[PDB]
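These values consider heavy atoms only, across backbone and side chains, with no hydrogens, waters or symmetry-generated copies. Chain identifiers are assigned alphabetically (A, B, ...) following the order of the sequence lines, protein sequences preceding nucleic acid strands; residue numbering begins at 1 within each chain. All ligand and atom numbering here is 1-based and tracks the order in the structure.
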Amino acid sequence: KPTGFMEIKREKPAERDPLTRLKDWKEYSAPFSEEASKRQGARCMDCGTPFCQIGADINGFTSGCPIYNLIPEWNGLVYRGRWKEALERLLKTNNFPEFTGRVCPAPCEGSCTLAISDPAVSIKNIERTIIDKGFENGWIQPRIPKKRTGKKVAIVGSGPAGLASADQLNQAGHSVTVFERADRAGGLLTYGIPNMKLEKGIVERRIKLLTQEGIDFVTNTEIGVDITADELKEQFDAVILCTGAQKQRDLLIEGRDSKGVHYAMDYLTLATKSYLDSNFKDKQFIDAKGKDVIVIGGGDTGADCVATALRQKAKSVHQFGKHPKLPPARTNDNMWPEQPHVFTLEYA
Amino acid sequence: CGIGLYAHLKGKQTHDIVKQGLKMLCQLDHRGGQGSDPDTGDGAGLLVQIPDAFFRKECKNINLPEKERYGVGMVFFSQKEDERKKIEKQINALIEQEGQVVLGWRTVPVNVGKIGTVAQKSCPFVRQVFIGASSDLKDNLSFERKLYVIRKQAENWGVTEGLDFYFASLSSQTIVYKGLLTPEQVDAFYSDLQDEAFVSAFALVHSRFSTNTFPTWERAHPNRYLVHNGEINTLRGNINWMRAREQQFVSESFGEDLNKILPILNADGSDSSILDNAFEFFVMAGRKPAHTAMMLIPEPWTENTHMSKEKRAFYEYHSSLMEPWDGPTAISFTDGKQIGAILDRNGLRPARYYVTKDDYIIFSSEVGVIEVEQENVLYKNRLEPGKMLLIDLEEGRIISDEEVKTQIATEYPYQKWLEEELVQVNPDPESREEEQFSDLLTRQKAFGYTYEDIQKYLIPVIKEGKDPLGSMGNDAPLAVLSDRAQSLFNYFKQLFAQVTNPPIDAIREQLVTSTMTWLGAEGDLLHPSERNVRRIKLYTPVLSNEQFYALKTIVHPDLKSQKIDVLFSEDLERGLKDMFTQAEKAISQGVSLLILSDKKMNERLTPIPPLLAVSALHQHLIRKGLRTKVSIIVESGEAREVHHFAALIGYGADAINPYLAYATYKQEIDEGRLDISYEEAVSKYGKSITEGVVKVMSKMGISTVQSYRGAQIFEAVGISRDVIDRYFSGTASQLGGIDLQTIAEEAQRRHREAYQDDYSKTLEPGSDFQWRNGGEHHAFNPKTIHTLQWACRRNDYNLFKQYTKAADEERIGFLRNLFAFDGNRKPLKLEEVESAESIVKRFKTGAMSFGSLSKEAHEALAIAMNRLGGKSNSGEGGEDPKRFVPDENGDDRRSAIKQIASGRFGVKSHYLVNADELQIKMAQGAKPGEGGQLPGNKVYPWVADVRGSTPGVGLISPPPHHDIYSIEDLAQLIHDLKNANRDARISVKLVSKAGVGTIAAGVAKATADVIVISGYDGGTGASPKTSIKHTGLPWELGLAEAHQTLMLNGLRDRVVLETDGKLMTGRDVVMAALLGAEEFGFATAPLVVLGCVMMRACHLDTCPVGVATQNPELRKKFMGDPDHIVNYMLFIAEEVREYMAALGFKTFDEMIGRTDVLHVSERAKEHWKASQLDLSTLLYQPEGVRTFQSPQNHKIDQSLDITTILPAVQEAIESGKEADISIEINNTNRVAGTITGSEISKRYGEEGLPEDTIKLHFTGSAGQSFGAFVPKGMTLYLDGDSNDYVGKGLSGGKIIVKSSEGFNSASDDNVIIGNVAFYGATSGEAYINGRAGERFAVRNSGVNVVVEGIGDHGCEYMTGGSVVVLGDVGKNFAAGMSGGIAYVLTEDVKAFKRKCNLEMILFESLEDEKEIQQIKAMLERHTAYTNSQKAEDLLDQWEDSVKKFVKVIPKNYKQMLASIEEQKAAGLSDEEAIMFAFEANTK
Ligand SMILES: Cc1cc2nc3c(=O)[nH]c(=O)nc-3n(C[C@H](O)[C@H](O)[C@H](O)COP(=O)(O)OP(=O)(O)OC[C@H]3O[C@@H](n4cnc5c(N)ncnc54)[C@H](O)[C@@H]3O)c2cc1C
Ligand SMILES: Cc1cc2nc3c(=O)[nH]c(=O)nc-3n(C[C@H](O)[C@H](O)[C@H](O)COP(=O)(O)O)c2cc1C
Ligand code: SF4
Ligand code: SF4
Ligand code: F3S
């Protein structure tokens, strides 16, 4: 008869002070300690029909884990102190838990039974702690599939979908190839997602593990004029299309022509590329330390742009959004199963 | 209904004995139920001695020789004459061939005009034949054997030729006159009985109940040798074992006649007939009647320390050659010169007898059976369990049971034989080898293991020593409907004892149970000596690896073993046939153990389903007469659950070895988890599995694994009848289903995926008792739950429509989902159909105990139902009296329906009268055959006060209704409830299973207003997971069977049909109505509306939404409202209205019973295994009425209370004045006071009336349920004796029973009260002047009694009050005692302690002055009201009486009372002191 959700309160792991966090482009969060992780995992009730696992769109918003993570199972394993088993069960579903442990907004946390009248359990933080402990203990090594049947799939795009597909086919026994336009593979993770939220060292380590597995990534290829679909099909059985979605809509209004307006995607890509190459010293990006920054259109991209400007020490930074501010508590027409739409006050 | 016998000890023969016997039958007729008409004889019979004088007088042509050298037959023939003379000629030819002479034939006069229409139509031609013994037969036993052989040959010839003739009796000492006749009709039909020449030393009599309205003359008894009252629950196993042993039987007495008498038992006969056939065969084989009775129904020797060494040795020896015939049985057998009477092991039937000074014995179920002179009565005794009442006419004396048992036991050296011939299997200690495979994951996947399975069934078993609990019973589809491959185990569902036999509590009655198992070859049963016990014996069928290895390596030539690999590749039939051939070869070689192994299996070879293999081998060996020569050991990986072990045992397995489960435990231990060692883990697993199997047996009431093994207590769901007949003969499969090819395909598929599985090194999560994405479908999935909650909170309709669509379509969850409407009719408009306001009146909220739920949820459900006009059900936890008054705002928290369960916790006169419907919970879907247990930590003060118990003290709800041991007892309870509330509807809640239609017909005969059918998918607050999943059947089959059977028997119009179990949509309601349900129950869905999210943690008292918990902190989170329930019910009603409009039905009665509107959908045909089901059984509409019209006229009128008591007591009750009256009472007056008590309670309530206000004296013998539900202010006196159920549900008042003034014998030695007394009593006091029977004060909760001796199982489940016993006490005293205090006066304290149960009680001495004074005052009142010599003597010797008294008190009760008293002394108020003590004792 566990009573953790009654006799334990939700907590957060070590977090750097926001004032000093703008001086360095590193992680803005840390994993839970062993005792804290055990206490937080004790909160989970081993949910009957866990709503933290449905992974489906409800009222136009996703609820639960779309990858059907065994959240109660590794919660109980963490509470009992079994880390290898928790990591194994987690990897049974998620092949890149390191990214999700610090990137995912955790709709599972919102769509959980304990979310009613009480805070939910830190599923994302527990996942991050599990994967970090596994990496530090060196339990993650290439599987080296002994069975390899001559077959080619030639995935296109190095985004997380591409990496997951490549891993699955390689484990099946198919020698695949991943084509990427940019120098560094990882899709959105390498460039779009800020280094602050996800340092690229872990991404590069993941690509190194995949290469050791035998994915054989190839970069600097637009697979357009460079490589044609006809020869692609001729030399490959399947080709897949993990092209993602980078097209950005604009505003067809007057005044959007004066020099000084650039895409958020381009700005973030240039900033991260310069930071990776020469620590933003090559001056091959946009800097507004002494220039005002107006970012219009909220969301993850807006938050990342604001954080980048703050670290660049812009004199003034402002965020614009048409939709009204979220309330501090769930409304009548927004109960627990739906994704919460309350004030968050996230990073940046 | 019942049995009786009137006899003379010395053998004097008269006609007054026969007349008295018919008088007893007439008196007992009131017990039986009422069928279509009263004039039709339900069934009766009379057995007497051979009337030589009458035959000589009435023949005048046949030369009858002296007494014992000629025999008399008795034959029922068809009205046709050609076959009649054909059978007569054949019988004469057989007699001449055997050498006996045919004296002649006679035709028995019959008065057909005195009989009912149906019995008139079915009346046969009654002709007797007289046989004269040849001179060679010196002794009468040889002549009786010759007649038996002749009768068996004639019966065999008749069945071969297809002729329908019956041999009612053929003996030289006994004659039977029986048929579909009432007691009054028997003498009229048989004009011979009127003649005074009829003289017999004894007359046995029986009257039946006939659950169904289509009995037969042959099925009526007395049978050839004995009368049996009750039921047999091991009939299939007994039949199979007997037909296996008959082939190997070899007797010198019969010689070559064994081939003629090979069938022994009749396949189409009833349980009583089969038992009689076995009894007579064993008697002729060379066994005395008493010996045969003891061997067939042995006393419980295992776990019973009250049995002597000789008796224990005898019963242990005979357990190796004859399994018990378990069940509630009262048996009375006779052989002309000897008469015997016995009861079952547990003594579940009543039997009282009188012995007079004129050497006359009157034995019967009831006591007020005939008028007797008290000055002539010598002894008033009862048939105690384990005691045989034996009379020898020639010797002219009653032979003591002690003498009989001692002689029979000492006739052979059974103890020496057991000590010598036993074989030991002591294993080597250094041969230890913890087995591991290195393909453990692959084998686990092949056999279906899951991470959920392990972590939630195997680890908890080790941790807790019991099968893990659960909640919210199965919502997943059946195996036949699930797309995923399923094990063959999931296709078989455990059965249970609902009516005609009760379940038992194995834990509390462990002295009755036995897990002993015999391995080896049985010896010569007819002539046993030594070799019969030269076998192995085990205390537990579950075998550890070391035990299995030792058995395999015994090597002993007499005890040989052979291993058969039950594996197949393509042809399952071929594999089974090779297994059969290997078994036969081993048997020929001399092997006595067959070890079916699933090991050495690979991707090419998949293991045969062990259940199928075991059943097929068992049936084959039984057919070939070789099963008794061997035993079956199973070594399978698909054996990790109590259900698996129980199924294997019940279908034939003698022992099982879960090597894969042991390996899983070893792996868990090695990887750090499960710190407990491998050996202790294995031992704990074995013990827990055996306990679970024992519970499964107790569900059906079988107390012995030996009987359960032969018995098949499982019913298949989705197995073809062809496969069933081939391998599971005797099992029920209503819809047939999949075939052997499909079974093999499923097994091969699972094996292939498991063995390939080249992606993951982990076990997939389970979905049996939880919902996982991509797992098995669950009806209450998150989508459905949230959609329903949102719809109910909005009061919105399209959301509800989406929820209904998701629940109904997109998956196949239930059988009803396989049906589709015709769609070719005349649709009407929604305005032409009945309103939702009228529709909702047929709905109910379902029973949910207050303790299981919270106060807020219970009151919300009650308020919603009352507002909507429906009915709410209060569970077995009682009700708060304050809820009977509507609140000022108009909300009513009263529950219209009040539930009556085995606990009888809150049952009271006020509780019963303040209701419109009284339900009797015979079983529920999740835990049908089980009871319950509420720990003290869960017994909060606000629950204890409601239930009338002490806070912090555990509560136990026994599985069975101790009143209801049979259908007659159910009828008696219904009568008592109707007396308590004449203005209420009596309902009986049963669970769907095979034969439930016949049980419903019997219930309708028992006069139940409403019959409720519950599916196995019903919810519960706490129950074992195995019981939740593998017990019960869907409500569709049961509802269809009940509807069809009631319509066929012409009882449908008399009863209202209700159904419940996963009724979530208007489509489900419509399907139930078409199947024939007028009312519908909804329990789980209202909870989901209130906020339940199917967490399945109700049993943990940790509901996050404050629905199924008593914690105030969690209750504060409750957000449910009655408005949401109202909206849900209205939406359901709107759905029903729309469906009715679409189908062109104007009214619910019009649509009910119209199965022609339904047809099999294309989805079912597309399904690869649901397309093999035969649903025509449900799609059938017999001609008749399809709606309740007749109000089920009860017998409230003509009752003693209405005729005499009320007309002279209403004015006194109204005025509040004293009133004393006196009546003469007979056994036909059953209740005698409940109506007056109900009137008092209605007028006043709990306060009742001032003490000793109404006084009712009764003279004579009282009927069943005397002084039931008598509230305060009423004082009943009884000069005479009473039957069972005295003081049932007493709510106050006084009951005094004193022996008749004319009876001068010792009251403390003479019996005066029936078996069950003060069951469920809450308050009051009583004074009994004599011994009582079994189960005295079973569930007392405050009643203080003084009794001069009691029987076994005394003070079983008491929770309060006091009991004073001025005499001896039976065994298993205080078995389940959680509260109250018992004071017993005895001389042998050691013997008393040995008799008592030591589990949860303490022994003390009377040291407190207050307690001593209270006991003295109680004895003073007893002696004042009784004139008891024992009480007077004790009062005179009070100083020594206190010293010799013994006190019994539960430990927790004593501690809680002491803590409360200490707090009161410290100066704390009652509520706060109780709360603090409860917290301290349950921290
Ligand atoms: C906390 C959080 C923050 C987020 N922030 C952002 C954000 O700032 N911006 C954003 O866009 N999303 C953001 N996302 C969303 C997330 O990054 C994307 O939804 C997801 O990573 C894209 O998946 P993908 O597999 O398509 O990856 P992709 O990276 O889209 O995969 C395709 C990759 O291949 C490249 N490519 C394109 N055409 C070709 C071609 N012909 N041949 C080869 N390669 C080609 C693409 O440029 C891209 O790098 C965020 C999500 C979270 C949870
Ligand atoms: C929490 C809970 C407690 C229950 N308690 C009882 C009970 O005490 N007695 C009983 O006869 N049925 C009990 N039931 C069963 C229901 O009253 C009803 O008979 C039926 O099983 C409900 O089926 P459903 O859950 O599919 O709607 C209980 C059900 C639930 C969910
Ligand atoms: S916290 Fe989430 S995963 Fe844990 S029990 Fe609650 S809903 Fe399930
Ligand atoms: S935080 Fe982790 S568990 Fe939760 S939804 Fe995201 S990936 Fe799944
Ligand atoms: S399943 Fe039981 S524990 Fe609560 S959420 Fe539902 S009532």
Side-chain angles (χ1 to χ4, degrees), chain A residues 1-2 4-5 10 40-56 62-76 78-79 89-90 93-116 118-131 160 336-337 339, chain B residues 470-473 475 769-773 778 780 782 785 789 848 852-854 857 1019-1022 1083-1109 1111 1114-1115 1117-1118 1120:
Chain A
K1 292 182 191 195
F5 71 101
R10 202 201 190 157
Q40 293 295 120
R43 292 185 87 231
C44 190
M45 317 144 162
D46 200 356
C47 274
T49 173
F51 283 72
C52 32
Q53 202 227 28
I54 64 198
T62 186
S63 288
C65 206
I67 53 173
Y68 331 129
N69 271 350
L70 313 179
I71 294 145
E73 279 151 65
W74 26 271
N75 274 116
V78 167
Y79 168 70
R89 300 294 291 185
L90 173 52
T93 64
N94 197 354
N95 40 32
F96 317 123
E98 51 245 43
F99 311 147
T100 48
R102 52 201 101 198
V103 178
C104 189
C108 63
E109 264 158 51
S111 63
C112 175
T113 60
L114 185 46
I116 313 145
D118 271 292
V121 319
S122 309
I123 302 159
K124 164 159 141 192
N125 293 331
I126 290 156
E127 193 184 33
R128 200 261 189 75
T129 306
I130 293 153
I131 185 57
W336 65 279
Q339 188 182 116
Chain B
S471 303
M472 293 287 149
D475 50 14
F769 314 91
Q770 59 186 14
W771 176 90
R772 292 275 184 280
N773 211 319
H778 288 273
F780 278 103
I785 291 156
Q789 284 190 27
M848 289 179 268
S852 267
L853 295 185
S854 43
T1020 180
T1084 302
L1087 299 179
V1088 173
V1089 176
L1090 295 162
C1092 159
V1093 283
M1094 195 54 46
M1095 273 263 304
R1096 305 220 189 196
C1098 324
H1099 63 296
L1100 304 174
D1101 201 20
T1102 52
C1103 188
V1105 294
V1107 165
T1109 184
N1111 185 305
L1114 303 174
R1115 280 201 276 148
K1117 297 162 164 160
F1118 183 71

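- Protein residues are said to neighbour a ligand when one of their heavy atoms lies under 4.0 Å from it; for ligand 4 these are A:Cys65, A:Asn69, A:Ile71, A:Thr100, A:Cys104, A:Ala106, A:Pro107, A:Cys108, A:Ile123, A:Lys124, A:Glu127.
- Among all heavy-atom pairs drawn from A:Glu109 and A:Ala115, the shortest one is O-CB, 3.9 Å.
- With distances taken over non-hydrogen atoms, the option nearest atom 5 (S) of ligand 5 out of B:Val1088, B:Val1093, B:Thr1102 is B:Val1093.
- Listed by number with element, the atoms of ligand 5 under 4.0 angstrom from any heavy atom of B:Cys1098 are 1 (S), 2 (Fe), 3 (S), 7 (S).
- Residue contact check: B:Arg1096 has heavy atoms under 4.0 Å from atoms 1 (S) of ligand 5.
- For the atom pair B:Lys1117 NZ and A:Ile116 CD1, the distance stands at 9.5 Å (nearest 0.5 Å).
- Pairing each heavy atom of B:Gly1106 with each of B:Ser854, the nearest pair is O-OG, 3.1 Å.
- Among protein heavy atoms, atom 7 (S) of ligand 5 sits closest to B:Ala1108 CB, 3.7 Å.
- Between the side chain of B:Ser471 and the backbone N or O of B:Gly1021, at least one donor-acceptor pair lies under 3.5 Å.
- Inclusion of B:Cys1103 in the first shell of atom 4 (Fe) of ligand 5 is supported: an N, O or S atom falls under 2.8 Å.
- Here is the list of ligand 3 atoms found below 4.0 Å of a heavy atom in A:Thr113: 6 (Fe), 7 (S).
- In this structure, B:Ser852 contributes its side chain and B:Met848 its backbone to no donor-acceptor pair below 3.5 Å.
- Interface of A:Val121 with ligand 3, defined as ligand atoms under 4.0 Å from a residue heavy atom, comprises 1 (S).
- Every atom of ligand 3 is numbered from 1 in the order shown, and the set under 4.0 Å from a heavy atom of A:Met45 is 5 (S).
- Of the protein's non-hydrogen atoms, B:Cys1092 SG, 2.3 Å is the one closest to atom 6 (Fe) of ligand 5.
- Minimum interatomic distance between A:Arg43 and A:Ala120 (heavy atoms only, all atoms of both residues): NH1-O, 2.8 Å.
- Using modelled atom types, no side-chain atom of A:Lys1 and backbone atom of B:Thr1102 make a donor-acceptor pair closer than 3.5 Å.
- Counting non-hydrogen atoms of neighbouring residues, nucleotides and ligands closer than 6.0 angstrom, the OH atom of A:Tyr79 reaches no more than 12 such neighbours.
- Counting heavy atoms from C-beta on, the side chains of B:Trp771 and A:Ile54 come closer than 4.5 Å.
- B:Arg1096 places a side-chain N or O within 3.5 Å of a backbone atom of B:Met472 that can act as its donor or acceptor partner.
- Contact between B:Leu1087 and ligand 5 is absent, with no heavy atom of the residue lying under 4.0 Å from the ligand.
- In terms of modelled atom types and a separation under 3.5 Å, the side chain of A:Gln53 and the main chain of B:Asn773 share a donor-acceptor contact.
- Under 4.0 angstrom from ligand 5, the non-hydrogen atoms of B:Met472 all belong to its side chain.
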